[PDB]
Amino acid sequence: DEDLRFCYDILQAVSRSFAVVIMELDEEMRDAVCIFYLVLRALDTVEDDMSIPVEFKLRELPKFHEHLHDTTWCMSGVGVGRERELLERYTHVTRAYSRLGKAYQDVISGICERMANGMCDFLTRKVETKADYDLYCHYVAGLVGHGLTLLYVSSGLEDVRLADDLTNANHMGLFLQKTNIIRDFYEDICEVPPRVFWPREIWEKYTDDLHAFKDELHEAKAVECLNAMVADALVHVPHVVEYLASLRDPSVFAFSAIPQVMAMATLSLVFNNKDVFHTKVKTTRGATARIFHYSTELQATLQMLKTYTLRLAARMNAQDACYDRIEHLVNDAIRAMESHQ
């Protein structure tokens, strides 16, 4: 089982966040989800390496899923740090993969291919529209939501009805991806080349140059745009509440709930916060421990989400050009929560 051990070891190095939450899952589901994550993590590593040619990515990505059945395949000159190691010693992942149930392998192979092609689409173009924003989030996060949902059903832990309509699963992925895209604006725009995800359709209403938000000079417009991004992410909350409330298994529930509650805490902190444009805004380690502790069942999770949702709303004024748009979004979220209390 050295292969699985490497997997969990690389997981811990490549992503401390997920590597903690994944431990909420029972061993069998956990192995499948851990391997699933590393496969996608490998894709991400190819998509994000800006020192390697795009034609190289459009070439390798589409057939990434095919390598899942080739225990000798690996990549040598891509990525930084442990990610690089993930690809070079990618054998451990494919081996572990070959020892998974037939149904788990197919979900993983299926999501891997669709995400890869989606990444290819956006490797050759920008995110101009809100539609673009949403679709890109779908490919790199919404699909993880689909995949996980299909792994839950396939495992037997959740009812087959869960996979009927995957819309809410996609919403779950979008809420997480969007909160991170919002939180990581500065860090992303400060890289070489600069990484940009905020959709032009949204930011062109406050500026002609996104890079202007880095200057205190345009602090007001940056914050108004930041607030419009938050409003856009809040659209997903009522759906996150529905998906979480449809879960019956405690392991699946905690694994699914924790990241969502963390996202809402981050979102409540970045909202109307100009610090977002010069540093990473993060929750305290104590709030994190508390979230991990209580998000084991629906009721407590709903109240923590309500609490954070109420903190977000409390942070604004009738002066802000969002107060209107944010208010009904907060009410929809809180309403959806009380709808299960």
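Numbering starts at 1 and runs along the sequence shown.
140-148 or 71-79, whichever carries the higher mean Cα B-factor: Mean B over CA atoms: larger for 71-79.
Entry-level comparison of average CA B-factors, 191-199 and 176-184, reporting the higher stretch: Looking at the recorded C-alpha B-factors, 191-199 comes out higher on average.
Largest Cα B-factor, entry values, listed residues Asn227, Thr124, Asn170, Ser251: So the option with the highest C-alpha B-factor is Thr124.
Highest-ranked of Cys112, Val240, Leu100, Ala233 once sorted by CA temperature factor in the record: Highest C-alpha B-factor among the listed residues goes to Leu100.
Modelled-residue ranking by C-alpha temperature factor, third containing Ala333: According to the entry, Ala333 has a C-alpha B-factor in the chain's middle third.
Chain thirds of CA B-factor: placement of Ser51: It belongs to the highest third of the chain when residues are ordered by C-alpha B-factor.
Record-listed C-alpha B factor of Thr207: chain third: Within its chain, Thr207 is a middle-third residue by C-alpha B-factor, going by the deposited values.
Record-listed C-alpha B factor of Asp275: chain third: Lowest third - that is where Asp275 ends up once the chain's C-alpha B-factors are sorted.
For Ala318, the third of its chain into which the C-alpha B factor falls: Highest third - that is where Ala318 ends up once the chain's C-alpha B-factors are sorted.
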